[PDB]
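What follows is one chain in structure tokens, specifically the form solved without 5-fluorouracil (URF).
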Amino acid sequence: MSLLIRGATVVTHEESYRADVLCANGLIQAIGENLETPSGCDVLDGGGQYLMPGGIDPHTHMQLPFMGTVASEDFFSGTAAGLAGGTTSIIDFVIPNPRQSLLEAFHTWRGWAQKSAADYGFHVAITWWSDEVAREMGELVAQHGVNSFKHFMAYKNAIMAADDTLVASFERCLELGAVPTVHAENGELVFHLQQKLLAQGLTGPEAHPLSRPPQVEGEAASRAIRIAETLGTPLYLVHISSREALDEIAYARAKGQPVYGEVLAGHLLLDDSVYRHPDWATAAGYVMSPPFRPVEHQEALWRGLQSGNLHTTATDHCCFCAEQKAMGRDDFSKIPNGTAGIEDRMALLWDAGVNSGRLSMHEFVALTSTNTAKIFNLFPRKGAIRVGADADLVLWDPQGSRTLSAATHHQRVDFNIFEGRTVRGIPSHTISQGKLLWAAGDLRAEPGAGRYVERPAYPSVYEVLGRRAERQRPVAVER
């Protein structure tokens, strides 16, 4: 018990309509025009606003230990700041060291995430292979609510998976009904260009984009895609930044292949000139992988969203303050990679996509929660306004205004990649598991309030794959 949102237009991934919505006991209890108020149930007035599923950010790195160091944003600050921005759940990554047990890395991460203010889940990264990793994956799916496994195709000599691994792991994912996910950059090429730029003496952040140009993403997307086609698995590609990688996804989808693509707001709105800023720390602030790209790539990504070839939005929320960035003051390859975004994603997208008329409100919802839930088999528990669904919601004021700044954001990091940008259309209120956790300026997150969210295996795409595999079965010739 008990929270009634009254007066709003409910906006789903597919329709708009006027209704009141009642939350109790973490769930949406009722939806209708003029609902009755249970006694002492709190009431939020939503006249002239839109009430939508709360955002799900399927790509966070809260307090990740990475590139000599540990991300500035912990599970609490991170998940809180997300709430302030209308995001109600995350999926983060367990990234074991190579040769490290997955169940061990997984219990370590569950540890770190217990302090979450909002619902959370994990993908598990496959950073090495053995019969043991195969075994443990099965357990994570059977016992621990994991149904998606990440592969890094870059970060050579660190966590990179090569073809022999990708093949073995993807086959395992097929066996388990789990979704393979990939960070698609060709690692040998990145490694090769990094050395060559450093050997020429190019050590600045401006050399970061040059060390990993768009065709390096395109290559790796092609390869992850064709391994998935060849093994009979779906595939989810994280943070697509390039035309080249988008074209591979469209090409595969165009042949009937289940491939999904995620995009970050930064890759929709920023270009690679940012790395040439006169101030080192500013430029360094933008360093993440894949990097920001020449302008023609933004337009292409927008169209991918408009055409159904890109499916989800996310942030790759991986915060490093200036002093951490400056670990690579003399060597761009040692700047810790990552930008902040959890709090800003929904407003950035609404303002650039809906106000401009590129995206309908419905696509906005699809791209901010529902597609993610459907892909990872959380629908209709999440990303849905219906009776029985988790009461994760955001109330949106289309005329409200906000100016993005590191000075004022709830993200624990001293840099914002959209510093000074002003957006129209903001989350006035955010509701997580039935509770009002952000209210016109007031953040009310509390450590440990979040739950761990299990995702069942075998999303329905695996039924279709199953029937195809059966129909395609090889038949010997008799002689």
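When you see a residue number, it is the position in the sequence shown, counting from 1.
Below: the form deposited with 5-fluorouracil (URF) bound, not depicted.
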| message | Can you tell me whether the pocket in this form is open or blocked when 5-fluorouracil (URF) is overlaid from where it sits in the bound PDB entry, based on ligand atoms within 2.4 Å of backbone or C-beta (3 or more = blocked)? | response | open
| task | Could you tell me which stretch in 311-319, 219-227, 248-256, 364-372 has residues with non-hydrogen atoms within 4.5 Å of 5-fluorouracil (URF) in the bound PDB entry? | result | 311-319
| Though 5-fluorouracil (URF) is not shown, can you say which of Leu395, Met288, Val124, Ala265 has a heavy atom within 4.5 Å of it in the bound PDB entry? | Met288
| Listed residue (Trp302, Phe379, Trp109, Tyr155) with a non-hydrogen atom within 4.5 angstroms of 5-fluorouracil (URF) in the bound PDB entry | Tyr155
| Contact between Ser333 and 5-fluorouracil (URF) in the bound PDB entry at 4.5 Å, heavy atoms? | no
| Does any heavy atom of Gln298 come within 4.5 Å of a heavy atom of 5-fluorouracil (URF) in the bound PDB entry? | no
| Any chance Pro209 has a heavy atom within 4.5 Å of 5-fluorouracil (URF) in the bound PDB entry? | no
| query | Would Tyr50 sit within 4.5 Å of 5-fluorouracil (URF) in the bound PDB entry, counting heavy atoms only? | reply | no
| Members of 320-357 lying within 4.5 angstroms of 5-fluorouracil (URF), judged by heavy atom, in the bound PDB entry | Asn337, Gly338
